[PDB]
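Enquirer: Chains as they are written, first to last, in the UniProt record's numbering: chain A, 6 to 32, 44 to 148; chain B, 1181 to 1202, 1223 to 1622. For every residue, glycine included, the Cβ atom is placed at its ideal position computed from N, Cα and C.
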């Protein structure tokens, strides 16, 4: 059909782009010869590496955005599954190590606020002198 | 199974909404629902559900929609799913005889397999690639337009993936490629067929990139096909010829180009073909570097003489023929820059013989006066470029010139341009 013909034309255009990047996709006599020479000069001037980089940067950016979205969704699903394991009480032994690590990190962050061991004795003595 | 059934129902609705209503908003809503369903399920689960769905869906449109969904899953680029993609490609190859019944289904399956092979590269095993190349040869034998174009693309991808493994099946497929190019030249029924010929040229370029030795062996056929493909892009043909110029040796490429020009380009009156041959010769001369022994001066001299004779006897305009002759003079330039006096002096003697006696002329219809005028222009350009020992060659060339001056004194040669050149 027309869609099949368009798909074949797109496949041919993609093959042409893969073989020679920087070439456009397919959709007087002395002047035509000079135009052919100018087209050869333009093909020499254009860099296959430059066009390849200009396309691969956008392709890698789109792929990285899709992969980041998929990884964020997978992490959120894993967190929800771990939470609903914790609610059910059937968390695995391989599981809940993340829970213990999060608890330890939050405990360290909270206990960092409290005090220091060396200043504790001085604070106790000064507090005893203030309160007495 | 429930997800596969929902996806099959959505694909059937999208494929048969027009048939049931016989609509654009409904199709857009169905596409949005299909995209949501694809984003809901992982690619591996979607592939595992869609693997029985292709066999379950007897509708060719539903099978094509499932192939498009699998193509979207592959264009998501799951790296770990590539072995699962390999199993899906094996299942697609199994369903390909069933997909070969419908032209659109076969084209969609071939395009999806080619896209999957291009995305995978050499990451997976190439036995499936060789089987796909055999199926592509079968589709080329079937000779539908879109199916043959997709088969050529898949064969090029499989050859790029295999490399040395595809070099075994390469000589068995190249004369079929020449036959397909001849058939595309003979029949111009469709712009799809023109695009299929362009894809055949692209496959020839890919085979040249993959196997430089086989490309050098069949360079004459490739150059003939590139010259005959007038419907193809001239810039793309010039780029393919340049790539063949790096892959092939310069002297052998020049000899093959001279043979092809004598066989076809001199015979053909097409200005586009003449310009393509001149551009190929100029590219070969520009890429010709070092090579103190040129190893073929008479081949280039006979090519220049045949170019002058073809400009004289051509149906093209005189101004275009003069521009082509100026291009031929620019091509003959830098041969003087390649300076081997022990090689140049017999070459200069042969050039003087072709100028005056015209020994070994490619065409006898070329006038001796016109040949002398062209050789005088070339000799003046070479003397202006080099000098030095050119005056020593001018001493040898003066003795025929003195007879020519005597003929000029006797007014045997009435060419004012030739007299001014002398």
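From the DSSP output, in three-state form, read off residue 1296 of chain B for me.
Expert: In this structure, residue 1296 of chain B counts as helix in the three-state DSSP scheme.
Enquirer: What ranges does the alpha helix (DSSP H) occupy inside the region 1309-1395 of chain B, keeping only unbroken runs of at least 4 residues that lie completely in it?
Expert: Within the region 1309-1395 of chain B, the complete alpha helix (DSSP H) runs of at least 4 residues are 1327-1342, 1345-1362 and 1366-1386.
Enquirer: Assign residue 129 of chain A to one of two classes, buried (16 or more other C-beta atoms within 10 Å of its C-beta) or exposed (fewer than that).
Expert: Looking at its Cβ environment, which holds fewer than 16 other Cβ atoms inside 10 Å, residue 129 of chain A is exposed.
Enquirer: Okay, do the region 1182-1191 of chain B and the region 1232-1250 of chain B touch, 3+ Cβ pairs below 8 Å being the bar?
Expert: Counting Cβ pairs under 8 Å, three or more are found: they touch.
Enquirer: State yes or no: is the beta carbon of residue 62 of chain A nearer than 7 Å to at least one beta carbon in chain B?
Expert: No, residue 62 of chain A lies away from the interface with chain B (no Cβ there is under 7 Å from its Cβ).
Enquirer: Look at the alpha carbon of residue 1636 of chain B and the alpha carbon of residue 1493 of chain B, and state the distance between them as a whole number of angstroms.
Expert: The requested residue 1636 of chain B does not occur in the structure, where chain B is confined to residues 1181 to 1622.
Enquirer: Buried or exposed for residue 1535 of chain B, going by 16 or more other Cβ atoms inside 10 Å?
Expert: Per the 10 Å Cβ criterion, buried.
Enquirer: Looking at residue 1354 of chain B and residue 1368 of chain B, is the spacing between their C-beta atoms short of 7 Å?
Expert: For residue 1368 of chain B and residue 1354 of chain B, no; Cβs fall outside 7 Å.
Enquirer: At a Cβ threshold of 7 Å, is residue 93 of chain A touching chain B?
Expert: Closer than 7 Å: no.
Enquirer: Against chain A, does residue 1447 of chain B count as a neighbour if the rule is that its beta carbon must be under 7 Å from one of theirs?
Expert: No, its Cβ sits nowhere closer than 7 Å to a Cβ of chain A.
Enquirer: Which one of B:1290, B:1319, B:1585 and B:1574 has the shortest CA to CA distance from residue 1554 of chain B?
Expert: Among B:1290, B:1319, B:1585 and B:1574, the Cα nearest to that of residue 1554 of chain B is on B:1574.
Enquirer: What do you reckon, are the CB atoms on residue 1302 of chain B and residue 1260 of chain B nearer than 7 Å?
Expert: Cβ atoms of residue 1302 of chain B and residue 1260 of chain B: closer than 7 Å.
Enquirer: Measuring straight from C-alpha to C-alpha, what distance separates residue 1487 of chain B and residue 74 of chain A?
Expert: Distance between the alpha carbons of residue 1487 of chain B and residue 74 of chain A is about 34 Å.
Enquirer: Roughly how far, in whole angstroms, is the beta-carbon of residue 1399 of chain B from the beta-carbon of residue 64 of chain A, given that I think they are within contact range, below 8 Å?
Expert: So it is not a contact: roughly 20 Å between Cβ atoms.
Enquirer: Determine, using beta-carbon pairs with one atom in the region 1346-1362 of chain B and one in the region 1321-1334 of chain B, whether at least three such pairs fall under 8 Å.
Expert: Judged by Cβ distances under 8 Å, the region 1346-1362 of chain B makes contact with the region 1321-1334 of chain B, as three or more pairs qualify.
Enquirer: Does DSSP classify residue 1271 of chain B as helix, strand or coil?
Expert: If DSSP states are grouped into helix, strand and coil, residue 1271 of chain B belongs with the helices.
Enquirer: Does the beta-carbon of residue 120 of chain A have 16 or more other beta-carbons within 10 angstroms, so that it is buried, or is it exposed?
Expert: Exposed, since its Cβ has fewer than 16 Cβ neighbours within 10 Å.
Enquirer: What residue does the alpha helix (DSSP H) around residue 1537 of chain B start on, and which one ends it?
Expert: Counting along the chain, residue 1537 of chain B falls outside any alpha helix (DSSP H), and DSSP gives it neither H nor E.
Enquirer: What separation, rounded to the nearest whole angstrom, lies between the Cα atoms of residue 1193 of chain B and residue 1230 of chain B?
Expert: Going from the Cα of residue 1193 of chain B to the Cα of residue 1230 of chain B covers about 7 Å.
Enquirer: Could you list which residues in chain A have their beta carbon closer than 7 Å to that of residue 1399 of chain B, in chain order?
Expert: Here the neighbours are 17 and 20.
Enquirer: Short check: CB of residue 1523 of chain B to CB of residue 46 of chain A, under 7 Å?
Expert: Cβ atoms of residue 1523 of chain B and residue 46 of chain A: closer than 7 Å.
Enquirer: Restricting to Cα atoms, I'd like to know which of B:1392, B:1467 and B:1427 is closest to residue 1475 of chain B.
Expert: For the residues B:1392, B:1467 and B:1427, the minimum Cα distance to residue 1475 of chain B belongs to B:1427.
Enquirer: Is the Cβ-Cβ distance between residue 1504 of chain B and residue 1532 of chain B less than 7 Å?
Expert: A contact, by the Cβ cut-off of 7 Å.
Enquirer: Under 8 Å by Cβ, that's how I've got residue 1521 of chain B and residue 1514 of chain B pegged, so tell me the actual separation to the nearest angstrom.
Expert: So it is a contact: roughly 6 Å between Cβ atoms.
Enquirer: Run down chain A in chain order and give the residues with a C-beta less than 7 Å from the C-beta of residue 1523 of chain B.
Expert: Those within 7 Å of residue 1523 of chain B in chain A are 46 and 49.
Enquirer: With respect to the alpha helix (DSSP H) encompassing residue 46 of chain A, which residues constitute its N-terminal and C-terminal limits?
Expert: 45-61 is the span of the alpha helix (DSSP H), which, as asked, contains residue 46 of chain A.
Enquirer: Consider the Cβ of residue 42 of chain A: report whether some Cβ of chain B lies at a distance smaller than 7 Å.
Expert: Position 32 is followed directly by 44 in chain A, which means residue 42 of chain A is not present among the coordinates.
Enquirer: Among the candidates B:1442, B:1436 and B:1496, whose CA atom is the shortest distance from the CA of residue 1452 of chain B?
Expert: Looking at the Cα atoms, B:1496 is the closest of the given residues.
Enquirer: Out of B:1240, B:1581, B:1334 and B:1392, state which residue places its alpha-carbon closest to the alpha-carbon of residue 90 of chain A.
Expert: It is B:1240.
Enquirer: Would the region 50-57 of chain A count as touching the region 1328-1348 of chain B if we require 3 or more Cβ pairs under 8 Å?
Expert: Verdict: no, contact absent.
Enquirer: Taking the beta carbon of residue 1370 of chain B as the centre, do at least 16 other beta carbons fall within 10 Å, making it buried, or is it exposed?
Expert: By the 10 Å Cβ count, residue 1370 of chain B comes out buried.
Enquirer: Going along the chain, which residues of the region 1311-1339 of chain B sit with their C-beta nearer than 9 Å to a C-beta in chain A?
Expert: Result list: 1311, 1314, 1315 and 1318.
Enquirer: May I have the straight-line CA-CA distance separating residue 1266 of chain B from residue 1195 of chain B, to the nearest angstrom?
Expert: Approximately 11 Å between the Cα atoms of the pair.
Enquirer: Listing by chain order, which chain B residues have their CB less than 8 Å from the CB of residue 28 of chain A?
Expert: Those are 1433, 1435, 1436 and 1439, listed as they occur along chain B.
Enquirer: Does the separation of the CB atoms of residue 1510 of chain B and residue 1466 of chain B fall below 7 Å?
Expert: Going by C-beta atoms, residue 1510 of chain B is nearer than 7 Å to residue 1466 of chain B.
Enquirer: Can you tell me which of the three DSSP states residue 1244 of chain B falls into?
Expert: Looking at residue 1244 of chain B - three-state DSSP - the assignment turns out to be helix.
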